[PDB]
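Next up: the same protein chain in two forms, each one alone, written as structure tokens (structure 1, then structure 2).
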Structure 1
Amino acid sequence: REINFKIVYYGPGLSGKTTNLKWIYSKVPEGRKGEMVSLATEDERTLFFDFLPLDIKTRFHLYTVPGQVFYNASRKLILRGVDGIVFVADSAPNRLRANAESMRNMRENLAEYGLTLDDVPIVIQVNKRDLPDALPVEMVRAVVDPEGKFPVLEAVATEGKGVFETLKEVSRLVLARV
């Protein structure tokens, strides 16, 4: 009947993690989706997580994690059992370091589960390519994936650009392991 998979969206505050789910939700037909759930603060910064369940019998559970540094304890929990990860990096000059800290943070959290960055498929999304001062892609990429060992996709998640292909690619990788 049905295999279940968990996908997590990771990355620094404001990089667009929640926006990816909002897009995806707005374009998947009713019949291939359940309702989206968000536990967010008053300023729509995610506090616990987002959750969106979907069809592609293979069921994908997508989650977002809160990116702000001081929400680490909830971030940890949301990675439990993860099967595939989308790391959404920010394109803004002033957020490059935020990117790297979040990546170092993701290795630290996985290591508490006994997992390395080799153990879970990971897809890098460089989001926010519309910004006037957008850093070159390979610079942002060099910071997060110094060895180029992870697929890269460019995105403007506020407009849909890259949202689904990023999703397809992490999907592709998770199935290729099963």
Structure 2
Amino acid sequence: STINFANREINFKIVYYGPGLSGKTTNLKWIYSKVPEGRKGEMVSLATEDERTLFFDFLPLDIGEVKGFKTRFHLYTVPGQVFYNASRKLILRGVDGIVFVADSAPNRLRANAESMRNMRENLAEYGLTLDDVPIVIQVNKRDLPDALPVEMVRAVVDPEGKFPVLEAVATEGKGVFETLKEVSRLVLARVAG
């Protein structure tokens, strides 16, 4: 919700959250790869020895123009294994909607729950609960030979079925644009009404 009058843009921030290696970078890289050259900034990767953050912004093709303003989305993630919480907490500053990218691997079930607990904790620092921000779950890695049942994955990350759920194979693009359409429509929904 930072309004830029000078480029006449309204800006929305979408954070991909989830356990290390769940396919967040993959989501963002797939999306980036399909946005036309003149409608995207650079992909920015920031990294210290132990901390990381990846982000880019783009002008969605399918979004109108409330009284002369164009819509720019800013996609942010903390990719890789995490050793410190600070990047995760900071990534959430000014978030408008969240895609929780859950891993289908049975040896990642606990890390899914853990990552959802951490998201909740971090949102709580900004004074938000899980109801206060649109969240969509992507159960990624459906192509794993041991992939858990979606409903099992959802149960550890969304016990109450409060959030939409989509399946993905981010490496193949499958579920990637459906996921972003879903979160984007919930974001624009909440501003609108």
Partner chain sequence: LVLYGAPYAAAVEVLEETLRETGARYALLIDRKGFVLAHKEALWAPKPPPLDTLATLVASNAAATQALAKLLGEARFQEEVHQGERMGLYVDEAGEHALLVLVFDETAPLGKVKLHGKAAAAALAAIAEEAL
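Rigid core here is just the name for the largest C-alpha set that superposes within 1.5 Å across the two forms. All residue numbers here follow the sequence of structure 1, with the first residue given the number 1.
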- Go through 1 and 2 and tell me the one that is the form deposited with the partner chain bound. 1
- Message: I want to make sure I read this right: if the two forms are fitted on their rigid core, which of 133, 119, 138, 43 has a C-alpha displacement of 2 angstroms or more between the two structures?
- Response: 43
- Task: Report, to one decimal in Å, how far the Cα of residue 68 moves between the two structures once the rigid core is superposed.
- Result: 3.1
- Message: I need the CA movement of residue 29 between the two structures once the rigid core is aligned, reported in Å.
- Response: 1.4
